Each structure stands twice: as C-alpha cells, then as structure tokens.
Amino acid sequence: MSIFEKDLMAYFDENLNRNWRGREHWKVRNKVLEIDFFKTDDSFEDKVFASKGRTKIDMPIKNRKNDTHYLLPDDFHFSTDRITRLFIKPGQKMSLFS
Amino acid sequence: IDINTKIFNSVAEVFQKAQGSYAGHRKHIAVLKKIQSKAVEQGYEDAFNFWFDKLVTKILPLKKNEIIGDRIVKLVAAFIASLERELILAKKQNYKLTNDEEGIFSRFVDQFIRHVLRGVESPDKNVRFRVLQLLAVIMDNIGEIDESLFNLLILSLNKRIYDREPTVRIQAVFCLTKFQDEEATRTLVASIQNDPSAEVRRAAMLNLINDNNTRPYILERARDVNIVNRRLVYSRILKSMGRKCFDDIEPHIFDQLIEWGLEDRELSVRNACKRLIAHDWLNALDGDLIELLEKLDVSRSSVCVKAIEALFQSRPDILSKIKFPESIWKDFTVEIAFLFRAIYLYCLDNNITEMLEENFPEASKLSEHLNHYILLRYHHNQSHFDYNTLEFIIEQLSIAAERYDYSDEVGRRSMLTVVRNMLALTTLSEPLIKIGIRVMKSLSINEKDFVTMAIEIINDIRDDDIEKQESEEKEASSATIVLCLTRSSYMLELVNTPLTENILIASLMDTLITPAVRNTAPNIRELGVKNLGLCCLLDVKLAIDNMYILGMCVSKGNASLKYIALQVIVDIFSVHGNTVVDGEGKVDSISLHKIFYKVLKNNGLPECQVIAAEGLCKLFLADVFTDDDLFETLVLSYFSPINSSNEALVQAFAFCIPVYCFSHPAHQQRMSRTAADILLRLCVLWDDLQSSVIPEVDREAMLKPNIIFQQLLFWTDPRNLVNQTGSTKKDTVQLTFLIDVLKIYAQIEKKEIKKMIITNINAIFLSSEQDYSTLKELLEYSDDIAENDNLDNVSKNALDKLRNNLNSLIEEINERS
DNA sequence: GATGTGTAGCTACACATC
DNA sequence: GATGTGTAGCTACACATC
C-alpha cells in the first residue's frame, strides 16, 4: 500500500507544518537629501518639545502583560507517521487513504 | 563679526558636511574638540554647547533609517566617546590636566542629556525614537554624573519601556542594559516575557546580564513564538557561553534545550542547534567526542540518538577515526557502549561498506562481550549506579546485536544462547526484556520458532514459581504474573500471523492472559488487556467474543485501565473493520459509538479524550466509520471552549480534520452536510459564553464565530482536494454548505453574530462549470435575505456583492447551445 | 588551511496606507 | 483587519590576501 500513500502522507506534513498550533493560527500565516544647518526656524524647535496633549504615546495596560509569555505551546508532533501507526502494535501500520 | 556668531558658523559647517557621508568624520571630531577648546579660552564655553544642541535638534524629527540622521548620530556618539577617551587614558598615567578637562566634559554631557530629554515624551514617534537613540550610543561613555541626572534617566526610561511604539521601546532597553549591574534587570526580565514585540524581547534577551539569576528567563526564549528569537539562543547565547553550559546549567534544563532545537518545526532552528553541537561544542572540547558525550548525560538523555546523527553528517571525516580494538571492552562506559550503538546503526543505514567488514567484531565475538556484562550484573553481587551502568551497556550492545549479519551460523547460535539465558532471568529489568525479545526475534528466521522459544521462557518462569509453591494454591505469585505478561506483550507485538497457525498462544492465553484480565490489581489488569488486544489482532473470533468485555472496561474502568482499553478497540477496528460488530453474536455498533461519545465528552480525563479524538479520526480516514452525528460530535470538541485547555487534543484535530476533508470527496462531502449545524451550535456557545457572567470566565477561550466560519469555508473548499480529477472544478460541495448556512441564518438572534457571518460569505468559490440549479438556489436564499431583513451597511454590501456574482454567473450559463 | 571580500537569494516579519 | 511594501537576519557561493 505504501507506494502512493507515501507521497500523499509526505504532502500533508510539509504543507501543514506551521498550522500545528491550530486555533487562530489555522490561517496558513501566510528620503530627505540634505538639511541646511544654517537657516533658523527655531519656532520649529518649540514644535518638537510640544506636550503630548491628546496623543497617547503609551501602551494600554492590557497589552503590557501577557500570561502566555509569548512562548510556544508544547509540541506533540502530530505528523502522518504518528497517525499510520497502530496504538498497541506501533510496528505494524494501517493503510488509510486506500 | 561677533565671537558668538563665529562659533555657530564653525559648528554648523561641521554638521553640513558630516551629514553628506562618513568620509571626514575623523577630522570633524578633531575640529569640534578644537572649536570647543577655542571657545573655553575665550570664555564662550556655554556658547558652544548651545549651538551644538540646537544643531542636533534638527535631526530628531527624521524617521528611522533616514540616512542623514544616522550619520549625525554616529558623529555625536564619536565626539562624546572621543572626549572621554582623552579623559580615561589621561587619568590612567598622565597627571591631571590644568585646563579643567573633566569638568568641561562633565558639564557638557549633563547639559546635553537634559536637552535631548526635553523631547522624550514628544507626540511624534520619530522624535521619541531619536531621543533614546542618542542616549543609547552615548551611554557607555558618560562616566560620572550627578545623582539627580541619574534619577531622571532611570525614570524617563522606566516610563518609556511601555511606550506605544516598539521602535522606541527597543532603544529603551539599550539605555537600560547599561544600568544592569546588581532595578534595571528587574525591568528587562519583565519585558523579555510580556512585551508583545518579538524584537523588544530579542533586544532584552541578547543584552541581558546572563547572571546565575537571569539565566533561566534568557533560556526560556528557546520556545519563543518568533522563529528568529529561537534560532538566536542557539546561534548567539549558547555560543557565547562556550563551555560554561556544562558547568553553569542544570542538566535537566540542558537536556530540554537540546531536545527542542533538534525537534523544532523550522529548518533554520534545527541547523542552528545542530551546528552548535557539531562545530562549536566539539571544537570547544578539543575534538574529544567522548567528553562531549560525557556532557550529554547519555544514560538519561533521550536525544543522544538525535544529536550524534547530526554530528556524523556534519563531520564525515571524524567518522573513520573511531576506535574499537579488542583491548577495550574493559573500560566500556555508557559513553563508549552508546558510541558503539550510534556508530554501527549509522553505518548500516547510510551503507558505509568499508567499516562493516572489520571495524566491528563478529556476531560470535560480540556475544562474548555482551554475555560478559550479563554475568557481572545478575549472577554475582554506588552499587545501584553500577547496576544501572551495566544495564545501559547491556542495552546498547543488545540494540546493535538486533541488526547484525547472522549468515554466520556460529555467531547466531552463540548469541541465541546468550539471550535465552538472559530472558530466562527473573530479575531482568524491562528495558532489557524489551530488546531481548527483539533480538531473539531476529535470530529465528521462523515465526513459529521465535514463538516456541519465547513461550518456553514464559512457561518455565511460570512453572518455576508454581513448583516452588508446592510447599504444603495452583497459581504463580502476582509478581511472576507481571513478568510473564511483560514478555508476552513484546513477543506478541512481533507476531503477524493468525492464532490458528500457532497453538501455543491459545494455551498461554488461558494460562495467564485471561486470568490477568480477571485480576484484582490495576497494573496486571492493564497488562492483561494489552496482551488480549495483541492476540485479537490475529484471530477475529477472539475479538468478537471480547468486544463486550472491552467496552465495559472503558465504561467502568479507572483512568489507567480505561486508557489502555480504549486503544485496543481502535486497533481491532483498524485491521478487521466492521467484521467485529453488528451481526449475530456480535455487539451492535450503536453501543460502541455511545462509548466513544462518553469518553470524548469526558473532560475529567484529558489524555483519554486525545485517544478518542485520534482513534476516531483514523477510523473515519479508513472509511470504516460513517456516522454524520458522530463526525459532527468530533468537530464540536475541537472548537468547544471546554476542550481548549487540553493542549494535546487541539493539535490532534488541527492536523486530522484538514487532511480528512481534502483526502476524499466523500469525506469533504460529509463535512459539507454537517458543517452548517455545527456553526449554529458554536454560535450559541459563544453567545452563552460572552453573555454569561461567572468568576471562572475565559471568554477568549473560543474562536469568534467569524473565524470559525472562515475555517469551515476552508475545509469545504473543493479546490483543496489533493486528487484534482479535473472534473472537481464543478464540485458543488461548498455551495450546498452555504445554502445550509443561509437556511440557518434565520435561527441566530444577536446582530453581531449575524454580521460575523455575512462579512465572510464571499470567501466561496464560484465557477460556470458548477450545477446551474444549485447556483439559482443559492441566489434565491441570498436574494431572500438581501431585502426582507435589516442589514448593516457592511452586511448588505457583501451580500449584494455575492448576489451580483451569482447573477453575473447565470449570465455566463443559459446563453449556450 | 583561515581569513577576508563581494554578490546573490531567501523568509518571516514589520510597518504603511487605505 | 485586509492589504502592499519594506525590512531584519540570515545563507550561500565565489572568491581573494597573509
């Protein structure tokens, strides 16, 4: 049975390698030339040091902490191999896709 | 002209030509120190500082990567460092300078920092970015500073670490990485874990102090969700530690690290870890392959097989240098014994002919070395460490012996005696029992033979105890029951012929298998079922008569027992299919399906869910199971919020469901039919989850119905079929699904959920080859809701878009023939 | 040998703009 | 959120120079 089952098995492993996470990750996923340092426009200087005003320039406290620590979940390496093998008799394997 | 005006002209001249290129920066530094020195003699010190500042301010509003800004930044950084260099090497040996040099430097840097800080909280991203940038590149060269200026720096930075822009958040750490000697570390440890920008973590990772206290958080990034951030700990951090890994890292973490990199999903991370082992660590230990193995705890590590192979491929030259003279076999250690395993199996797989001839002893001679360690372990009396050391060696040699060339008749018969006397030992640990049977299997060249020999080892071990029980009760002790079944399992794992051919098992079964199934001990019960499951795969009638009892064990059995029982049932169906259910004297499948549900539904035991999940997928793939209601019950357990906590279950379905649909049209069709009702049940779950108010609420523990919908469009899309007959371009599998979704649209209540669907309906695939009548039906349902309901402007647009695509499609059809 | 040099390409990842 | 485009960090080969 192995002949063509082999390739189709090899097809899904390489295609779905990054979708292992499941869940939302199911999606394949996926100028100025010069300055004149002599001119004076110092009123431009006051523009730089302007106060924030209504601009936020900060991160919402929601985004400042995350419980996952942006780590990667434990990987069980669910590949075509782990599927073909039986449960109590790993050596022998069943011929799904037939 | 005025002195003050002359200074400006001089300094402005510098920046004008420094922004053009990096050419004459060396000169400019010398000029600036000159202009400064001229100003301080004329008393106009504060005039030079003023113009310098005002000229730097001109570049702050420039974006990042604006080539001009960088040039000036590097210039300003070089000028401060230049002024400090003159100060350091002067303080070294040259006596203090009469010209108040340190004071001028101290006063200039303090004044400059306070200037650039005036725009630390500017509304502009670029301004804030370039304020930190200047401080980063000049931070090391500041030297001494006033306390108040020190407090103002940590404050402005501790608030910028949580800035809105990542770009500015990066530069915020660089300024902190300097205040690190042991509050600064505290912050970076927090940013390397919670900052949502991979590049901010990376910055906090590479630039962290790497102290004994901070070392765990750094290595933690080995599993960072970012590909780069993982490749770096191998290519950058572990290299920087060189040999300090083996001395200043606890092995349990050490082993975990090497296990991840090798088994990572990205080719770029494996190599980066492989190259660390073969190239860096081998050169760090002067090419001593043994010492390298001494570091990688060979006895306990489970990756030595993976690490060594990558090395053998990375250095095929050292391969020929291995040494195995008869003189050794005296100092054989776990490292050398394992080396023997690693090398021999590698040569066979890759077919290195030259070595196999003389680099390895004959079968007859290897048996002499193997047995030698058996007698030294079991036959005659840091004791436990020694006992383990021998077992490991016995194991390694045994593994190599399993794949030998046994055309040599003397070696085989020699080996055969070694294993038979070993397997006959009662105190042989399970790791050696397993390989022992594996070896004795490779010696028979006759299944019946292999069985006859094995069965003999079992019955002898049985009778030995029974005959010893003859004092003054015709059954072996409990312990003996474990040993016989442990050997019976592996022996049966290798038989591939019915029971009618081998009568000794039917005796063995009535002897110890079935009495174990009825035993009062968990472990023995679990073993009895395992052996029973191995025998069922051979004789079908033995399985049919055992379907009921097996299903019962699952229902009323504890976690462990129910664990092993459910697996057997899956394999029985795998080989025989439906020949063991639904028939005279055969159990009805409806009862078993109910037993699959209760486990799949069961959430108190997660691991058992995984098997029910994995097992059922396999059976649907094999086309033995065909129950829409059951298959529908599967996908629900994927999206359900109750199973989100079972990490293993999610990855199991995430891989089996996509392949199942794309495999065979009938499989995808089964999704299409039952892909609408599932969406409804899930919408209700999300609605009840979001609305319900409970302390234990994880409303984010479920994909929103819009995402879930896109998912069901993905699997039902006929373009994703692998066969692609060419006649599948007209497959109406996806349309019929959407029609079924539209027919359910009337049953959802929340407007938000309704929109979540309508915004994603256009992901479908329409073709003129598809069945005409089916498109007309899809148009009328879309036409039915297009007007008869109230729509959000967004929902109408998408819906209208769909309709006109239909109408534009019917235009492509009828006008034909 | 190792050490640079230049050139080419690659991919996951940012930010830009609407 | 969906885009198009830019960017970071490699990764490889041909090479010199000592």
# chains A, B, ... in the order shown; residues from 1 in each chain; ligands from 1
call {"tool": "residues_around", "arguments": {"residues": "residue 745 of chain B", "least_positions_apart": "2", "cutoff": "10 Å", "atoms": "only C-alpha atoms (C1' of nucleotides)", "output": "mmCIF file with C-alpha atoms, in the first residue's frame"}}
result
data_model
loop_
_atom_site.group_PDB
_atom_site.id
_atom_site.type_symbol
_atom_site.label_atom_id
_atom_site.label_comp_id
_atom_site.auth_asym_id
_atom_site.auth_seq_id
_atom_site.Cartn_x
_atom_site.Cartn_y
_atom_site.Cartn_z
ATOM 1 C CA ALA B 676 -23.855 24.096 8.932
ATOM 2 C CA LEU B 680 -25.078 27.043 14.769
ATOM 3 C CA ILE B 739 -27.180 27.168 1.370
ATOM 4 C CA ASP B 740 -27.498 25.186 4.601
ATOM 5 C CA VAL B 741 -25.899 28.086 6.486
ATOM 6 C CA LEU B 742 -28.310 30.580 4.922
ATOM 7 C CA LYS B 743 -31.229 28.338 5.903
ATOM 8 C CA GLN B 747 -32.145 30.948 13.745
ATOM 9 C CA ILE B 748 -29.406 33.188 15.174
ATOM 10 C CA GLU B 749 -30.511 36.129 17.316
ATOM 11 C CA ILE B 753 -23.079 37.163 15.277
ATOM 12 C CA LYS B 754 -25.147 37.590 12.115
ATOM 13 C CA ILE B 757 -21.137 35.515 9.192
ATOM 14 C CA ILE B 758 -22.221 37.869 6.406
ATOM 15 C CA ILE B 785 -32.374 37.965 2.900
#
call {"tool": "residues_around", "arguments": {"residues": "segment 304-307 of chain B", "least_positions_apart": "2", "cutoff": "8 Å", "atoms": "only C-alpha atoms (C1' of nucleotides)", "output": "VMD selection string"}}
result
chain B and resid 262 274 277 296 298 301 to 302 309 to 311 342
call {"tool": "write_last_selection", "arguments": {"atoms": "N, CA and C atoms", "output": "tab-separated table (two decimals), in the first residue's frame"}}
result
chain	number	residue	atom	x	y	z
B	262	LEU	N	16.58	20.42	18.20
B	262	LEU	CA	16.65	19.35	17.22
B	262	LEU	C	15.27	19.03	16.64
B	274	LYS	N	21.93	22.12	15.57
B	274	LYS	CA	22.88	21.13	15.10
B	274	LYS	C	24.29	21.71	15.01
B	277	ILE	N	26.14	21.98	18.21
B	277	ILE	CA	26.66	20.76	18.81
B	277	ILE	C	27.91	20.30	18.06
B	296	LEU	N	26.56	15.49	27.49
B	296	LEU	CA	25.22	14.99	27.20
B	296	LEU	C	25.00	13.70	27.98
B	298	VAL	N	24.43	10.55	28.76
B	298	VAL	CA	23.98	9.56	27.78
B	298	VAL	C	22.99	8.58	28.41
B	301	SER	N	19.60	11.07	28.98
B	301	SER	CA	19.12	11.84	27.84
B	301	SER	C	18.43	10.93	26.83
B	302	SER	N	17.39	11.47	26.18
B	302	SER	CA	16.66	10.77	25.13
B	302	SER	C	16.94	11.35	23.75
B	309	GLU	N	23.69	11.76	15.38
B	309	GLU	CA	23.50	11.60	13.95
B	309	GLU	C	23.80	12.89	13.21
B	310	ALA	N	23.24	14.01	13.68
B	310	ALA	CA	23.54	15.30	13.07
B	310	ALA	C	25.04	15.54	13.03
B	311	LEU	N	25.76	15.09	14.06
B	311	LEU	CA	27.21	15.23	14.07
B	311	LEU	C	27.85	14.37	12.99
B	342	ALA	N	25.53	4.00	18.39
B	342	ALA	CA	25.38	5.13	17.47
B	342	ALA	C	26.09	4.86	16.16
call {"tool": "interface_residues", "arguments": {"of": "chain A", "to": "chain C", "cutoff": "12 Å", "atoms": "only C-alpha atoms (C1' of nucleotides)", "output": "count of residues only"}}
result
3
call {"tool": "atom_distance", "arguments": {"atom1": "atom CA of residue 522 of chain B", "atom2": "atom CA of residue 83 of chain A"}}
result
28.2 Å
call {"tool": "closest_atom_pairs", "arguments": {"of": "chain B", "to": "chain D", "cutoff": "10 Å", "atoms": "only C-alpha atoms (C1' of nucleotides)", "output": "CSV"}}
result
residue,atom,partner,partner_atom,distance
B:199,CA,D:8,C1',9.8
B:228,CA,D:9,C1',7.9
B:268,CA,D:10,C1',9.3
call {"tool": "write_last_selection", "arguments": {"atoms": "N, CA and C atoms", "output": "PDB file, in the first residue's frame"}}
result
ATOM      1  N   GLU B 199      10.967  41.783  18.702  1.00  0.00           N
ATOM      2  CA  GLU B 199      12.247  42.477  18.623  1.00  0.00           C
ATOM      3  C   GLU B 199      12.609  43.151  19.941  1.00  0.00           C
ATOM      4  N   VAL B 228      13.037  33.747  14.685  1.00  0.00           N
ATOM      5  CA  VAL B 228      14.358  34.323  14.918  1.00  0.00           C
ATOM      6  C   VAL B 228      14.735  34.204  16.390  1.00  0.00           C
ATOM      7  N   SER B 268      15.469  26.274  10.022  1.00  0.00           N
ATOM      8  CA  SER B 268      16.513  27.213  10.407  1.00  0.00           C
ATOM      9  C   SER B 268      16.904  27.082  11.872  1.00  0.00           C
TER      10      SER B 268
END
call {"tool": "select_by_dssp", "arguments": {"residues": "segment 339-497 of chain B", "states": "alpha helix (DSSP H)", "output": "JSON, numbers by chain"}}
result
{"B": [339, 340, 341, 342, 343, 344, 345, 346, 347, 348, 349, 350, 353, 354, 355, 356, 357, 358, 363, 364, 365, 366, 367, 368, 369, 370, 371, 372, 373, 374, 383, 384, 385, 386, 387, 388, 389, 390, 391, 392, 393, 394, 395, 396, 397, 398, 399, 400, 401, 409, 410, 411, 412, 413, 414, 415, 416, 417, 418, 419, 420, 421, 422, 423, 430, 431, 432, 433, 434, 435, 436, 437, 438, 439, 440, 441, 442, 443, 444, 447, 448, 449, 450, 451, 452, 453, 454, 455, 456, 457, 458, 459, 460, 461, 462, 463, 464, 465, 466, 467, 468, 478, 479, 480, 481, 482, 483, 484, 485, 486, 487, 488, 489, 490, 491, 492, 493]}
call {"tool": "closest_atom_pairs", "arguments": {"of": "chain A", "to": "chain B", "cutoff": "8 Å", "atoms": "only C-alpha atoms", "output": "tab-separated table"}}
result
residue	atom	partner	partner_atom	distance
A:12	CA	B:659	CA	7.0
A:16	CA	B:655	CA	7.4
A:17	CA	B:265	CA	6.9
A:18	CA	B:265	CA	7.4
A:19	CA	B:654	CA	7.5
A:20	CA	B:651	CA	5.9
A:21	CA	B:651	CA	6.1
A:22	CA	B:654	CA	4.9
A:23	CA	B:703	CA	7.2
A:24	CA	B:703	CA	7.1
A:26	CA	B:711	CA	7.7
A:31	CA	B:66	CA	6.5
A:32	CA	B:66	CA	7.5
A:33	CA	B:68	CA	7.8
A:34	CA	B:68	CA	7.4
A:35	CA	B:16	CA	7.4
A:36	CA	B:16	CA	7.0
A:37	CA	B:12	CA	5.6
A:38	CA	B:12	CA	6.3
A:45	CA	B:57	CA	7.3
A:48	CA	B:119	CA	6.4
A:49	CA	B:119	CA	4.8
A:50	CA	B:122	CA	6.0
A:51	CA	B:122	CA	6.1
A:52	CA	B:123	CA	4.9
A:53	CA	B:123	CA	7.8
A:55	CA	B:123	CA	6.0
A:56	CA	B:164	CA	7.7
A:57	CA	B:164	CA	5.2
A:58	CA	B:164	CA	4.1
A:59	CA	B:164	CA	4.5
A:63	CA	B:196	CA	7.2
A:64	CA	B:195	CA	6.4
A:65	CA	B:194	CA	4.9
A:66	CA	B:194	CA	5.2
A:67	CA	B:194	CA	7.6
A:69	CA	B:193	CA	4.8
A:70	CA	B:225	CA	5.9
A:71	CA	B:224	CA	4.4
A:72	CA	B:225	CA	5.1
A:73	CA	B:647	CA	7.7
A:74	CA	B:647	CA	7.6
A:76	CA	B:648	CA	6.9
A:78	CA	B:652	CA	6.4
A:79	CA	B:655	CA	7.6
A:83	CA	B:618	CA	6.9
A:84	CA	B:618	CA	8.0
A:86	CA	B:571	CA	6.1
A:87	CA	B:567	CA	6.1
A:88	CA	B:568	CA	6.9
A:89	CA	B:493	CA	5.5
A:91	CA	B:493	CA	7.7
A:94	CA	B:574	CA	6.6
A:95	CA	B:622	CA	7.5
A:96	CA	B:622	CA	4.6
A:97	CA	B:621	CA	6.4
A:98	CA	B:622	CA	7.2
call {"tool": "atom_distance", "arguments": {"atom1": "atom CA of residue 214 of chain B", "atom2": "atom CA of residue 234 of chain B"}}
result
16.9 Å
call {"tool": "atom_distance", "arguments": {"atom1": "atom CA of residue 784 of chain B", "atom2": "atom CA of residue 688 of chain B"}}
result
28.3 Å
